[PDB]
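Listed here are the chains, written in short residue letters.
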Amino acid sequence: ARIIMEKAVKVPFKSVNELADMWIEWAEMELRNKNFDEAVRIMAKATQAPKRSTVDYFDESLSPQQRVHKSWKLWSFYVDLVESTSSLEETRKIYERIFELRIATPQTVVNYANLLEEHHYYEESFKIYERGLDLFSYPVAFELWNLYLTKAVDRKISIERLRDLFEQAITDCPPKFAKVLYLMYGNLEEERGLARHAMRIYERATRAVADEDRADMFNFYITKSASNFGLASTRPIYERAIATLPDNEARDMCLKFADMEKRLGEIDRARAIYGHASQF
Amino acid sequence: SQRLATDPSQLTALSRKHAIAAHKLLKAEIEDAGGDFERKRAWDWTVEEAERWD
Amino acid sequence: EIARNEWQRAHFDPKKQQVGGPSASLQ
Amino acid sequence: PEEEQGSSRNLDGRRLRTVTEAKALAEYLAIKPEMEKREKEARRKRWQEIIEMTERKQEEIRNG
Amino acid sequence: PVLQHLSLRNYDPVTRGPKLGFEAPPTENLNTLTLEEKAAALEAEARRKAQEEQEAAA
């Protein structure tokens, strides 16, 4: 049976998934007969390619015997078998082969670090998160940033490490993730840092967020400055918001500024504010 | 007779129309549900598609 | 090519040359 | 007749082109949301027509 | 033997293929609070706090 299915492996089928099915049923036949090390050897023989393999998987001009090492089915089932059978060193080697072969997924990066975190290797989990962040540009890399920043503030690493980590994350972010990113960098600066730091971060957060959610970002900035310092500190935020916002949001900010000035009692300034609002 | 009347190229074209129709229906359902389609597709991409789209 | 251009000029045909939605609300 | 002379003015100081455009745009703002509905269900029903044609072809190939 | 000899982290045996992070994201499996739904918590906190100060001023 092993001989004839070795011949089956030799058969050049039309689809690479068929020869994938051959290799997975070879390992499956071995694991039913309690030959786990033999199955590991079989699928180590399956994906035999040099360190500089770059062949196209979908190129329907080469034989599928050679363009099968870059098939995700064999590698996924193989690394689950190695994880359930062998030790941590071999599984790390097989993931390293995944990352060398350039077929890894953000799901695979998260799986790497979850495997490390179950074995309490937190620093290497951080290392493989930001290696995945290096490999994936940014609209892919928001998910990795979510998990990585959550686990980094979970473990409570050094404060300068977290500061440089968010400054790395914020660097080339779209606004649609900049909202969340700045919200947590200000949040951490409030929780385990200095207040004026969080104030300047909320300021440049208002500066670098999308048009649709800029008004809510000034709302958060105003509420946090009111909870933090006096309303006299909240005035420059108000006239900056009038200076930068479009007409409807500037109207809303101007009405709230007039409300604050009427609350303080300096209704001459509130009247001038209302005059400006009436101008636009 | 049905196999002789139906060309396999036509069958593959109809299967591709199945695939693209299923994709656009699933896109419509996810965007109507409030979630983001491209974030989930960004969950499932390899390095190769990532750097070519980059 | 000079001979071909002269042939084209000589056999040039005089007989092939003759001279002389939606609604308004959306726009 | 107001199409030809639509660039003239009223007694108040409004152009006839201006008020015609204002009425047409008010009608468009009234009718635009229901048009974007009926086109989204139109493309939706076209999509189910495609999925019905393809389920017909796959059942035709499976039953012979 | 498969569900005791596969870690079920990268292979999906019901489809005879790998796990689809498109269908099954790893965001729902955390025992902690992911970075997206937090700061939605912070926005909600600031929102109902802000309505508390405006009703206190009223």
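Residues numbered from 1 in each chain as written, not as in the entry; some residues may be left out. Chains lettered and ligands numbered in written order. Part of a larger assembly, values for the part shown. Heavy atoms only, no water. Residues with missing side-chain atoms left out of burial classes, pairs and counts.

J.: Is there a simple way to explain the overall build of chain E in this structure?
T.: A tally of helices and strands in chain E yields two helices and two strands. Going residue by residue from the N terminus, the α and β elements of chain E occur as α-β-β-α. For 58 residues, the compact-globule estimate of 2.2 N^0.38 gives 10 Å, and the C-alpha radius of gyration of chain E, at 21 Å, exceeds that figure by more than 25%. Across its three principal directions, the C-alpha atoms of chain E cover 65 × 20 × 15 Å. Of all 58 residues assigned to chain E, the portion counted as buried reaches 28%. Working note: accessible area of chain E is about 3,700 Å², and carbon and sulfur atoms make up 52% of it. (Helix = DSSP H or I, 4+ residues; strand = E, 2+ residues; numbered from the N terminus. Rg over C-alpha atoms; globule rule 2.2 N^0.38 Å. Buried < 20%, exposed > 50% of the residue type's maximum accessible area, 1.4 Å probe, protein only. Areas by Shrake-Rupley, 256 points an atom, 1.4 Å probe, with all protein chains shown as cover.)

J.: Before we go on, may I ask you to explain the interface of chain A and chain E in this structure?
T.: Counting residues at the interface gives 36 residues for chain A and 30 residues for chain E. Summed over both sides, the interface between chain A and chain E buries roughly 2,900 Å², with carbon and sulfur atoms accounting for 63% of that surface. Our count for the chain A to chain E interface comes out at two salt bridges. A salt bridge links A:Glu83 to E:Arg9; the shortest N-O distance between them is 2.7 Å. Contributing elements (two or more residues each) for the side of chain A that touches chain E: helix 2 (16-32), helix 4 (72-85), helix 6 (106-118), helix 8 (142-155), helix 10 (175-192) and helix 12 (214-228) of chain A. (Contact = heavy atoms within 4.5 Å. Buried area = accessible area lost by both parts, 1.4 Å probe. Salt bridge = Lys/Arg side-chain N within 4 Å of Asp/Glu carboxyl O.)

J.: Whenever I open this one, the interface of chain B and chain A confuses me. Can you help?
T.: In this assembly, eleven residues from chain B lie in contact with 17 residues from chain A. Roughly 1,200 Å² is buried in total at the junction of chain B and chain A, and carbon and sulfur atoms are behind 65% of that figure. The largest contributions to the chain B side of the interface with chain A come from B:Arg39, B:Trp43 and B:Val47, which together make up 52% of the buried area. Our count for the chain B to chain A interface comes out at two salt bridges. The residue A:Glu143 makes a salt bridge to B:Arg39 at a minimum N-O spacing of 3.0 Å. Viewed at the interface, chain A and chain B are joined by two residue pairs in polar contact. With four residues, helix 4 (residues 47-53) of chain B is the single largest residue contributor to the side of chain B that touches chain A. Tallied by class, residues from the side of chain B that touches chain A come to five nonpolar, one polar and five charged. (Polar contact = N/O pair within 3.5 Å; in protein donor to acceptor, adjacent residues only side chain to side chain. Nonpolar A, V, L, I, M, F, W, Y, C, P; charged D, E, K, R; others polar.)

J.: What's the story with the packing of helix 3 (residues 36-46) of chain A against helix 4 of chain A in this structure? I'm lost.
T.: Helix packing for two helices is described by the angle between their axes and how far apart those axes are. All names here are of chain A. Across the interface, helix 3 lies against helix 4 with an axial gap of 11 Å and an inter-helix angle of 150°. In terms of orientation, helix 3 lies roughly antiparallel with respect to helix 4. In the crossing of helix 3 with helix 4, the sense of the turn from one axis to the other is left-handed. Residue-level contacts link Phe36, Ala39, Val40, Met43, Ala44 and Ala46 of helix 3 to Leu74, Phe77, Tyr78, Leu81, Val82 and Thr85 of helix 4. Of the residues belonging to the contact of helix 3 with helix 4, the class tally is eleven nonpolar, one polar and no charged. (Axes fitted to C-alpha atoms, helices over the stretch in contact; angles between N-to-C directions. Parallel < 35°, antiparallel > 145°, perpendicular 65-115°, else oblique. Left-handed = near helix turned anticlockwise from the far one by under 90°.)

J.: I would appreciate a short explanation of the nonpolar core in the present structure.
T.: Grouped burial of nonpolar side chains is what soluble globular proteins tend to show. The biggest cluster of nonpolar side chains holds 104 residues, and the ones touching the most others in it are A:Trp23, A:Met43, A:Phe77, A:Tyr129, A:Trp145, A:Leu149 and A:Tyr202. Not counting the four nearest positions on each side in its chain, A:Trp23 is found in contact with A:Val9, A:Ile42, A:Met43, A:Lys45, A:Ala46 and A:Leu74. (Core = buried A, V, L, I, M, F, W, Y, C linked by side-chain atoms within 4.5 Å.)

J.: Whenever I open this one, unusual backbone geometry confuses me. Can you help?
T.: Note: most peptide bonds trans; most residues except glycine with negative phi. For A:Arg102, which is not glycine, the phi torsion reads 65° and is therefore positive. Along the chain, A:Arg102 falls in the loop between helix 5 (88-101) and helix 6. Even without being a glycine, E:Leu8 presents a positive backbone phi close to 60°. Its place among the elements puts E:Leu8 in the loop between helix 1 (2-5) and strand 1 (11-12).

J.: Honestly, helix 6 of chain A in this entry has me stumped. Any pointers?
T.: Along an α-helix, residues three or four positions apart point the same way, because every turn accommodates 3.6 residues. All names here are of chain A. Relative to the 18 Å expected for 13 residues at 1.5 Å per residue, helix 6 spans 18 Å between its end C-alpha atoms, a close match to the ideal helical length. Counting buried residues along helix 6, eleven of its 13 residues qualify, which places the element largely inside the surrounding structure. Taken as a whole, helix 6 has its buried residues at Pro106, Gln107, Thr108, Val109, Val110, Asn111, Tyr112, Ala113, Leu115, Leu116 and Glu117. Looking one or two residues past helix 6, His120 carries a phi angle of roughly 60°, positive in sign. (Expected span 1.5 Å × (residues − 1).)

J.: Which parts of the structure should I look at to understand the arrangement of the chains?
T.: No other pair of the five pairs of chains in contact has as many contacts as chains A and E. Separating chain A from chain D is a minimum C-alpha gap of 20 Å, and the two share no contact. With no contact formed, the shortest span from any C-alpha in chain C to any C-alpha in chain E equals 40 Å.

J.: Would you mind showing me how to read the pattern of salt bridges here?
T.: Opposite charge on two side chains makes pairing possible when the charged atoms of those side chains draw close. Using the criterion set out here, one finds 35 salt bridges over all chains in the structure. Between A:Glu167 and A:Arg204 there is a salt bridge, and its shortest N-O distance comes to 2.4 Å. Highlighted residues: A:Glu167 in helix 9 (residues 159-170) and A:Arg204 in helix 11 (residues 195-207), separated in sequence by 37 residues. Judged by its relative accessible area of 33%, A:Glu167 is partly exposed. In this structure, A:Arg214 and A:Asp211 form a salt bridge, with 2.5 Å as the shortest nitrogen-oxygen distance. On the accessibility criterion, A:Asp211 (56% relative accessible area) is exposed. Linked through salt bridges whose partners overlap, the residues forming this network are A:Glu83, A:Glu118 and E:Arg9.

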